[PDB]
Structures are given as C-alpha cells and as structure tokens.
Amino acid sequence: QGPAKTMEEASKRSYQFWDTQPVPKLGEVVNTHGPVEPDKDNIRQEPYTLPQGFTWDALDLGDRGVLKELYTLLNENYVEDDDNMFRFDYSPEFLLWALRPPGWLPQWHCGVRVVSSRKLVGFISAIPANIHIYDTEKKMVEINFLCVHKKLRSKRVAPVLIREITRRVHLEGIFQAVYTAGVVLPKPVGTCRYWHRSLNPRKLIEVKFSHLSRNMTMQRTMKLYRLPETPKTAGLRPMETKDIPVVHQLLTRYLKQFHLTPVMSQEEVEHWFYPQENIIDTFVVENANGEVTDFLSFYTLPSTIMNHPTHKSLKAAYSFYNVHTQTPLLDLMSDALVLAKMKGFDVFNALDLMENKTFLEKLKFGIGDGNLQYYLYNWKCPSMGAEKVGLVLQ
C-alpha cells in the first residue's frame, strides 16, 4: 500500500490502480512504438464520484484568493524529501507561470474541497504540450501538482483525481500524457537523478540539507565551492523580447538530438523563457557580431525547512534548458552558477539528462538521493537513457 523508490523493490509490489490503466507493465520490455489502447470515441460525461463530504471545484487561478488557497495546500502538503526535512514551496506567481501557459484550460485546474468548510484538500493539473517521442510528434498533456491533504491520504483519493483529470483531458480529444515522479510506477520511459551544487555551503550544512564530506573541514568546504563574482562569457546578458525568435530557433534545433522533448511554439518559448524575477531566469550570449549563439536558463523553486527555529527556507535554482552552439556547455553552466550565487540562491539543482553529465562532476555537483522517473500515459515505446531525455518539467 506504500510507494517504492527502486526498480527491484517496485517489482515485488502490487499496483491495483495502475494495473487498470493503459500503461505497460513494470516487468515487460517494450518492443514497439504506439498507443496502448485506441482512442475512445465516447467519453464519460459525469465527474467521477468523490467520497462523501467532498466536491470537485475548478480553481480560477486568476482569483488572488483562490490562487493563495492552492499555494497553501501545496505549501503544507506537497512533495517532501524522503527524510521529511524539506518541502517544495512553489510561490503563487510561479504557480501562475506553470499553470497558465499558452492553451491552458480552466477545467484542467482540478481541485477538491470539503463541502462544509470549503477547505481545499486536493488538486491535480494538466497543461497542453506537443511532445516529440522518438519518431512521433503528438499533442499530449503534462500532469503536475497532484496533491492530497495529509489528513486525507491513504483513502484512494489520488486514483480519483487521476481518473477525473484523464476524463477531462479525454473530453478535449487528447489521449496521451507525460508526467514525472520520484516513486517507481508502471512504467518509466526514463530514469533521471538530481544532482546538487552547493552555493551557500554553510547554510546548507547547518540545515542538514548537505553534510561535510569525509575528511573535509568547513573552511575547506567554503573554499571548494567558492565562485567568481561575475560570469566570464563575453556578451552574456538577460534575454529580452527581441531574442524570442532566436531562442526559439536555438532550442528547436538543439532538442532534435534527444528522444523525449517538447515542441514549443514561439509563444510557448516566450512564456517559458522570458525572464520573470523570482520565477524564471534566461541569459543569452550575444557575440561580437550581435548574434545570439547560446542561452542558459533556470527557474526559482524554494523549499520550506520543516520545524527549524532559525532557517525557514532554502532558495533553490533548477536547471531548465541550456543551449550551446558556440560557447562550451561547461562555461555556460559555470556562468549559470555564478548568476545563481549573485541572485541569492543557496543551491543549484540539475538533472543528469540531456548533456548534463558532461559538466556535473566537473562543476562540483554532488549526487542527490532522489530519482526523477519520466512516464508516458497510453504510449508504448522502449525506455531510454537519461542522456536522451530532453524534457524538463516545473
């Protein structure tokens, strides 16, 4: 009845819900490419039944009060590290960025409330995304922010949330989805791992996010992670409106080399990369000819430090999409670290996907304890190595 972190531990587990879903079995190897089941031509019109005393409510995130209720649900009940020491603390303005990209739909912001008190106790979301998977491009959704209030857990409310968002996506004619999780489910198309780059090692060690390496003093740890005060790449500057087309061009061409990627329109590129303070940072390299040849980006996602008397929060930057054509990726990411340090971040996180393994050890990242499993719903295809995953979710 409890989740699994490893593929061998998950293989002895029973998946009463996921056995009912159009996903491959954990045990079988996938030899084909295509949908698990044909598209449905008649879709259930009625919402799935919730347990007595709870009701569906679609959340208007343009209402400041409602957005704050969602902030609070996530702030108090969303994903923790496996030791229950830190919890994601997505900000209201970040949530609006992640949940209202181009094509967002109100019915896909799927809340659960207590009938009597109106308290928000559950959420799940879908946003539309065009996804390139091996040799197929298809319209899908990305599922994120699945959250059940701690007091409502282990009562089969999450399967109801999954079925209800599935139904609402089916009604719009979409039959595939992509999603990620730290737990093992049937069946990962790719397995990634977070790595962490200390920026403020003293704070990270004090709050036990990080620990002193074997036979290393704090003084040595400070010198080890020390960074230059300014970046080194010539012509590095924040992305501006005039850069939207070339950033779209660079990204589109760069992503062709991977096997699971988004296909963004120019409007989606504007949404996902145009800088917004405390949400998304994008820096381009404009060379001596005035041409933009590279860019780096990272998003802002702090965590709550639970039950700590002094340090309440950790400011974390997450590597987003980094595109190099003239500047070495190593130099780009070195400058990303310098920029994050300048902007007050305590740690810089990056997955081992795309080409990130080429710089992780060199730039003094340390391996994390969390896997990031990538999944497709209703799509059969062979799994891929982390290096071929070219998709980053919020």
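Just so we're on the same page, rigid core means the largest C-alpha set that superposes within 1.5 Å between forms. From 1 onward, residues are counted along the sequence shown.
Greatest C-alpha divergence in 8 other deposited structures of this protein once each structure is fitted on the rigid core, 279-287 or 205-213: Once the cores are fitted, 205-213 deviates more in 8 other deposited structures of this protein.
Which of 311-319 and 245-253 lies farther from this form in 8 other deposited structures of this protein, as RMS of C-alpha positions after a rigid core fit: Comparing 311-319 with 245-253, the larger C-alpha deviation in 8 other deposited structures of this protein belongs to 311-319.
Mean temperature factor over C-alpha atoms, higher-scoring stretch between 30-38 and 323-331: The stretch with the larger mean CA B-factor is 30-38.
221-229 set against 141-149, stretch whose average Cα temperature factor tops the other in the entry: That would be 221-229.
Per the PDB entry, maximal CA B factor within 170, 242, 253, 202: Max CA B-factor in the entry, restricted to 170, 242, 253, 202: 202.
Residue with maximal Cα B-factor (values as given in the PDB entry) among 276, 125, 297, 310: When the deposited C-alpha B-factors of 276, 125, 297, 310 are compared, 310 is largest.
Third assignment of residue 379 from its chain's C-alpha B-factors: Tercile = middle for this residue's CA B-factor.
Chain thirds of CA B-factor: placement of residue 304: It belongs to the middle third of the chain when residues are ordered by C-alpha B-factor.
CA B-factor ranking of residue 286, expressed as a third of its chain: For residue 286, whose C-alpha B-factor we compare with every modelled residue in the chain, the answer is the middle third.
Third assignment of residue 163 from its chain's C-alpha B-factors: Its C-alpha B-factor, which the entry lists for residue 163, ranks in the lowest third among residues of this chain.
Third of the chain, ranked by Cα B-factor, where residue 54 sits: Ranked within chain, residue 54 CA B lands in the middle tercile.
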